[PDB]
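Every read-out reported here was derived from the displayed coordinates using simple, explicitly stated rules and does not represent laboratory data. For neighbour counting, all protein chains shown are included, and Cβ atoms are generated from backbone atoms with ideal geometry for every residue, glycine included.
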Amino acid sequence: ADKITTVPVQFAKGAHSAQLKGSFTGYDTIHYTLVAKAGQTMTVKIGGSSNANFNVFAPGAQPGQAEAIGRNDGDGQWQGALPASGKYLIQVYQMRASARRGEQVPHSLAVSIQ
Ligand SMILES: [Cl-]
């Protein structure tokens with residue numbers, strides 16, 4: 001019975017970044033979505049619970065259906081030039097061990113596009 005919550009991210013007028021605060025428990029996950037253009041550089045940084053991880057998916061790609069174009073490194077961050085235009089998906093999740101313990105995962109996701 002796993003839940004996915006989708007959170008559309010829209011930058012304020014004239015802004016190229018935002019920070020979101022969220023939380024999820026166990027195997028629940030959050031999909032943060034963001035429309036961007038091919039060739040722009042996206043930077044993603046996750047903070048808060050050490051259990052928090054993310055995968056970046058290009059438009060149309062769903063967890064389980066295609067490979068992510070990126071994920072958090074050991075410092076909780078990722079940066080890359082975007083191959084495609086459209087709505088990107090940042091999947092925030094925790095790994096099986098702590099999911100299975102039912103840990104709650106408060107986190108902050110900072111995303112910017114330039
Ligand atoms: Cl922790």
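The residue of the stretch 44-70 that is farthest from the ligand (Cβ to nearest atom), among those that are free of Cβ contacts under 8 Å to residues at least 40 places away in the same chain and assigned to a strand (DSSP E or B), is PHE57.
Scan the stretch 18-43 for residues that are of a type in the set (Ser, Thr, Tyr) and either farther than 25 Å from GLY86 by Cα or within 16 Å of the ligand (Cβ to nearest atom) (or both) and the total you get is 3. Got at least one residue in the stretch 49-58 being in contact with a strand residue (DSSP E or B) (Cβ under 6 Å, 6 or more places away or on another chain) and more than 29 Å from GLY102 (Cβ to Cβ)? No: zero hits.
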